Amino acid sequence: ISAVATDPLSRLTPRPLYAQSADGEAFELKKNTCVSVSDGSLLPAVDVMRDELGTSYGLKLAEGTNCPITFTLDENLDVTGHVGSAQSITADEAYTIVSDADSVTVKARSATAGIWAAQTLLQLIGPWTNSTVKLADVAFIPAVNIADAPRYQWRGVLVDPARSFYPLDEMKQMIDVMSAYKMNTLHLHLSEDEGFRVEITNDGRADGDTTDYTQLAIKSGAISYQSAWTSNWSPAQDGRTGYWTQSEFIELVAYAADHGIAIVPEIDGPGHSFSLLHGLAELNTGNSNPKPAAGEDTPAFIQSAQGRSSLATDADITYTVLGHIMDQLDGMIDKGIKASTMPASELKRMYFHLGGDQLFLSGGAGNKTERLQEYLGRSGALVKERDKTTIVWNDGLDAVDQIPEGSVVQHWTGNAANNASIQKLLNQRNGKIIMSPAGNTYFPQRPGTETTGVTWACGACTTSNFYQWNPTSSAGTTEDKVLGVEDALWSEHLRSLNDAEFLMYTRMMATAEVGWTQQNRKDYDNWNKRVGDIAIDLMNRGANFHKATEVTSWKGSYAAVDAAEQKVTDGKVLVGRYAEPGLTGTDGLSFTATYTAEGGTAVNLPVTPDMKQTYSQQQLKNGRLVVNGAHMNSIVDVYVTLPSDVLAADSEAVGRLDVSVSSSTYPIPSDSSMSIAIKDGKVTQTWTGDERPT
């Protein structure tokens, strides 16, 4: 038996609405293959393709006229011929692909649908398109007929930088993988008891508002989740401190927009609000809790404060401050979308997340409920007057009557179908639901019984728990009331992108399928079989992931490297890469490499496999998780040593380089053949065809 590429259509995640093999040969991408667009708004889709294929395959994908690859914008694109009695789509995100040996024809209902088409094409090309080095093979798009649209319009990840900051470059790496699986929403949990993570300035304050907002990021940027206030397996390291400057936050929005992802900000209140009291002297007033000590302007960041926070629900300044933070986030979001090449009509998400987590009661100026009803009535009024829809967590529905009509609950705790408050919001107050039930969507829930993490929701919430649910059924409502789903990355215990990606992947790709794929097109075993290729692409991106035991498709894959762009050092040159999750070293890999000259016989070449990092599960030291203890092995660089007499040839020499890999941990060996040209001890050209390209 011998390793081959999976049937390209078999790879697609999320599973599209409709996908069939068309007749005949695949389309071959050439260095100079151009792309035609009907509209400038579709260039961002072409850019997503060029950003990968420029590096992996040397593709220019220049914009041209009468190109074999076309993106056409069709606001009336009709995929309903593929929507059965049992199916439901949000058509704004619909696209089609019709391809053959000669052409690839994309229609997109929106600019965002263009990017989804591009992500599908990059999956069809295969799991090496994020290669950091130019590959020797040419790229092919199979002859296919695809009609696609998502079930749910809202397919998101909550990121919590408030417990522990994530620098902009790490947020971009999350957006990359979110976009790759057609996630369209990045919910930013900007503020908590333990931090505030975006700069707020004093530009454009309301008349007579003399609040100094600049202290918010300066004081509450400098705090984070404290290891010392834990007695469990939480890392010895405190949360990362810091905040995004306005220009960093504008760049975050712009980058998200150019990948089809809208920003949804959350400023949580009246509870989980200690960062606001700690940052703004002005918010310490009326029934705020806790109070600053002996002649202090702001309460101290100390263990007794944790879970005991309340904004002043009875004070005008609370709502002045909230209004200005909302205005400033709105301004930065508009500036981010302006900096993108994507349309505001698609990427400006007219929602604001108030949170609504219960405040702590200390004094006697109201009951917890009454204060929450004051706070969400008044803060709900701010959102409505900015032409936005309010979102609250389950706790916020103690104020279901006070929040505006048409408000949204983000469900995480208990059975939504049986929740009187949720059913009243949906049924009597024209509301809608975003589904984040902890047991199906909370990344800190440990992904396996061998792992260390949060256990309360499932014991271990595996890819099975993340895949095998129906958000509409779980909400006990109709399709039209379900906006969709969000995963949650809470950062009490997270200190790095590597440790976040351990929890996020591959479970996020199950959530992506829940958000996108039709309920009657879902098949956990089929999704499980696609994870092998998902992992090969994550390894190419340098993204970490949990090597879950329930995944049956972990595989090795070999790709020939274009040695023409690699240096020969002491006769050694990089000719291949071998990706296989879980390698603890290279000694379980058996490589055979031969060079066969024109005129020659097979010459065995010494093979030098090189793997920078080895695979490790999580590591505990003194009862606590080590930061980055769980890490994936590197892709193996496969070097051969070329013979001295081939490298000393004053005349060009052509030969065939055949590389075989057998793995102790993956039972299907790979075979690779490419032709190489060598002159003056350097590889000048490689090719995998029967004909040398000219």
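Position 1 is the first residue in the sequence shown; the rest follow in order.
A.B. asks: Out of 668-676 and 17-25, which stretch has the higher average CA B-factor listed in the record?
C.D. replies: Looking at the recorded C-alpha B-factors, 17-25 comes out higher on average.
A.B. asks: Averaging only over Cα atoms, indicate whether 527-535 or 564-572 has the higher B-factor in the PDB entry.
C.D. replies: According to the entry, 564-572 carries the higher average C-alpha B-factor.
A.B. asks: Would you mind checking which of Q153, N415, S557, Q173 has the top Cα temperature factor in the PDB entry?
C.D. replies: Out of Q153, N415, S557, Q173, the record gives the largest C-alpha B-factor to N415.
A.B. asks: Between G431, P444, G484, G295, which carries the biggest CA temperature factor in the record?
C.D. replies: Highest CA B-factor of the listed options: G295.
A.B. asks: Taking the C-alpha B-factors as the PDB entry records them, is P581 in the lowest, middle or highest third of its chain?
C.D. replies: Lowest third, going by the recorded CA B-factors of the chain.
A.B. asks: Where does the C-alpha B-factor of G396 rank in its chain, lowest, middle or highest third?
C.D. replies: Highest third.
A.B. asks: By the recorded C-alpha temperature factor, relative to the other modelled residues in its chain, which third is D637 in?
C.D. replies: Lowest third - that is where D637 ends up once the chain's C-alpha B-factors are sorted.
A.B. asks: Divide the modelled residues of the chain into thirds by Cα B-factor and specify which third, lowest, middle or highest, holds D74.
C.D. replies: For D74, whose C-alpha B-factor we compare with every modelled residue in the chain, the answer is the middle third.
A.B. asks: Quick check on the deposited entry: does the C-alpha B-factor of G600 sit in the lowest, middle or highest third of its chain?
C.D. replies: Ranked within chain, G600 CA B lands in the middle tercile.
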